[PDB]
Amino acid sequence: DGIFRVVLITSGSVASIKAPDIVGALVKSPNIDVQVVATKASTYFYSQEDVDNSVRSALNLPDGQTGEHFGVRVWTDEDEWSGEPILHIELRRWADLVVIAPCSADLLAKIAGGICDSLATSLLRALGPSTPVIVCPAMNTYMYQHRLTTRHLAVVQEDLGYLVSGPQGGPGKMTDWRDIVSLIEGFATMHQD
């Protein structure tokens, strides 16, 4: 199987506006598939149709509507509560890589705290050490400079083994989404073996 599978977790940062650009780039990438997990807050910054528009844009398709979304569904907490398979378990099995872009201060704090009362955090909590995780913090600079940020980055890094694509240095802006994609393709390369 020559397919690399990425789960993109988007959280309640303004940088979630670039989530459709990332998905569009991953779709167009030949041997990479992408599934998206959106926290409730992140859904305020983009819609499913933004993603669909973004996929068509990247694939040089004319406008129109679907439907099956090419097929890249944006999963939310609601989907999980509707012997049957459990969604965050299915996503854990599927994923070869988990990318949190953007990662808000809240999600960072929740991850460091081990709290898992959403699809996104249940997925991360359920992961096996098989699956690598890339965290891209994205927040107001005064949120990033907060004392608890570095303590949570520490927990997330040393304890959990997550990789931090730390924000651009007013430090706090997310790593540019194009850089995110090429980081992802670098892992796809590793995986192809």
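All residue numbers are counted from 1 along the displayed sequence.
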message = Can you tell me how many deposited residues have no coordinates between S82 and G83? The categories are none, 1 to 3, 4 to 9, and 10 or more.
response = 4 to 9
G169-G170 interval: deposited residues absent from the model = 4 to 9
query = Which has higher Cα B-factors on average according to the PDB entry: 63-71 or 120-128?
reply = 63-71
task = Going by the average Cα B-factor in the PDB entry, point out whether 181-189 or 8-16 comes out higher.
result = 181-189
key: Highest recorded Cα temperature factor - choice among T150, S47, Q35, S42   = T150
key: Modelled-residue ranking by C-alpha temperature factor, third containing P137   = lowest
task = Place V51 in the lowest, middle or highest third of its chain's C-alpha B-factors, as listed in the PDB entry.
result = lowest
